[PDB]
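When a ligand or atom number is given, it counts from 1 through the structure's own listing order. Counting begins at 1 with the first residue of the sequence.
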Amino acid sequence: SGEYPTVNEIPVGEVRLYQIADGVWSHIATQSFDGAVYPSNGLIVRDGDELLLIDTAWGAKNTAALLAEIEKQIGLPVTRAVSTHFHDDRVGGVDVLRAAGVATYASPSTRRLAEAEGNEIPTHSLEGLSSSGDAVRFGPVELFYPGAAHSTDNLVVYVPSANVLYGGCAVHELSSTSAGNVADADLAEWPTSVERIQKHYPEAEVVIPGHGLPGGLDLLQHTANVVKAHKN
Ligand SMILES: C[C@@H](c1cccc2c(-c3ccc(CS(C)(=O)=O)c(F)c3)c(C(=O)O)[nH]c12)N1C(=O)CN(CCCN)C1=O
Ligand SMILES: [Zn+2]
Ligand SMILES: [Zn+2]
């Protein structure tokens with residue numbers, strides 16, 4: 001009924017949308033992994049009379065549900081999708097998208113890592129993102145590669161019309177107590193990568209983590225803080 005929806009409020013398989021700003025929504029879904037249930041976020045950005053999708057809903061059935069929810073709540077076609085790193089909460093559902101007419105994109109790094117992991121693989125490569133600090137435009141967003149953090153390939157997304165920073169899994173929510181799933185992380189580089197985000201997007205008004213509640217710019221410093229203590 002208006003609050004950001006939380007892990008225990010979303011059955012696995014259902015998707016909710018949350019209006020962030022004019023023409024910007026997050027999508028929230030839940031999934032099981034190793035016997036525990038987790039929420040995860042993605043983004044939807046209006047692109048004229050079409051939509052740009054950032055990240056899948058963590059699985060094929062969740063991603064089908066996402067498309068249905070978009071049709072119900074927004075009613076514009078999803079034409080392109082970007083996955084912000086190679087893990088299943090970002091690419092699981094790409095095959096659903098591709099069969100629903102969506103053109104799927106990721107960096108070449110993400111595509112290689114996805115392929116090697118046995119995850120679904122976006123069709124199109126995003127060049128121009130291979131060095132930290134790189135940025136490219138993609139419809140109504142800027143894509144930015146901050147350096148290695150939660151993964152070596154993680155991208156962040158900025159919506160300049162709304163000053164919305166989608167951090168993906170490089171950014172954690174304020175309630176977080178550790179750095180989440182660090183299996184593929186670079187804990188030592190992560191603070192430097194977060195500092196690059198802070199320097200590049202100082203006017204961000206909303207910051208959306210890969211998992212959990214949006215907030216403001218404090219999510220960046222909080223992330224640095226939890227990562228440094230996890231490394232230690
Ligand atoms: C799909 C993804 C994954 C699986 C399960 C959980 C997560 C998490 C995760 C965990 C805890 C918290 C709470 S907290 C910040 O307070 O700790 C959180 F907010 C996110 C995050 C996240 O942190 O992004 N991701 C998760 N995932 C990986 O990330 C690595 N991996 C193994 C495969 C190796 N290639 C895998 O399955
Ligand atoms: Zn991940
Ligand atoms: Zn994640």
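Below 30°, between 30° and 60°, or above 60°: for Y201 and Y158 the angle between ring planes is below 30°, a parallel geometry.
Taking every heavy atom of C169 and a limit of under 4.0 angstrom, the matching atoms of ligand 1 come to 24 (O). The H150 neighbourhood of ligand 1 comprises atoms 22 (C), 23 (O), 24 (O), 29 (O), with distances under 4.0 Å to a heavy atom of that residue.
Between NE2 of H150 and NE2 of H85, the angle at the Zn ion (ligand 2) works out to 100°, rounded to 10 degrees.
Residue contact annotation: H211 places an N/O/S atom under 2.8 Å from the Zn ion (ligand 3). Backbone or side-chain N, O or S atoms of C169 do not reach the Zn ion (ligand 2) at under 2.8 Å.
Restricting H87 to its N/O/S atoms, the shortest distance to the Zn ion (ligand 2) is reached by ND1. Checked against the Zn ion (ligand 3), the N, O or S atom of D89 at the shortest distance is OD2.
For ligand 1, the polar-atom distance check finds an N/O of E117 within less than 3.5 Å of one of the ligand's N/O atoms. In terms of N/O distances under 3.5 Å, ligand 1 is approached by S178. For ligand 1, the polar-atom distance check against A179 finds no nitrogen or oxygen pair separated by under 3.5 Å. For the pair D184 and ligand 1, the shortest N or O to N or O distance falls below 3.5 Å. Distances between N or O atoms of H211 and those of ligand 1 include at least one value under 3.5 Å.
Hydrophobic clustering (side-chain heavy atoms under 4.5 Å, transitive across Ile, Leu, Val, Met, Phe, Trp, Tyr) groups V164 together with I54. A continuous path of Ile, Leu, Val, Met, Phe, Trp and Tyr side chains, each step under 4.5 Å between heavy atoms, connects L43 with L129, placing both in one hydrophobic cluster. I28 and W25 fall into different hydrophobic clusters, defined by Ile, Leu, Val, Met, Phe, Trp and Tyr side-chain heavy atoms under 4.5 Å apart, directly or through other members.
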(message) ring pair (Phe, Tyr, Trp, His ring centres under 6.0 Å) for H172 and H150? Distances and angles first, verdict last.
(response) CA-CA 10 Å; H172 281 289; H150 165 80; 7.1 Å; no

(message) Applying side-chain contact (heavy atoms from CB on, under 4.5 Å) to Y105 and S83, what does each step give before you reach the verdict?
(response) CA-CA 6 Å; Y105 296 78; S83 295; over 6 Å; no

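Of the candidates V182, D34, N181, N181 brings a heavy atom nearest to atom 7 (C) of ligand 1. Evaluated by nearest non-hydrogen atom to atom 10 (C) of ligand 1, the leading choice among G180, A36, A183 is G180.
Here the heavy atom of the protein found nearest to atom 16 (O) of ligand 1 is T177 N, 3.3 Å. Nearest protein heavy-atom contact of atom 15 (C) of ligand 1 is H172 ND1, 3.0 Å. The protein heavy atom nearest to atom 5 (C) of ligand 1 is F33 CD2, 3.4 Å. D89 OD1, 3.4 Å is the protein heavy atom nearest to atom 1 (C) of ligand 1.
No side-chain heavy atom of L52 sits under 4.5 Å from any side-chain heavy atom of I44.
Ring centers of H211 and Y38: at least 6.0 Å apart, outside the cut-off.
In this structure, CG in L217 is found 9.0 Å from CD in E203, a value given to the nearest 0.5 Å.
Electrostatic pairing of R112 and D153 does not count as a salt bridge here, judged by no charged N lying under 4.0 Å from a carboxylate O.
When only modelled atom types and interatomic distance are considered, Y4 and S26 share a side-chain donor-acceptor pair under 3.5 Å.
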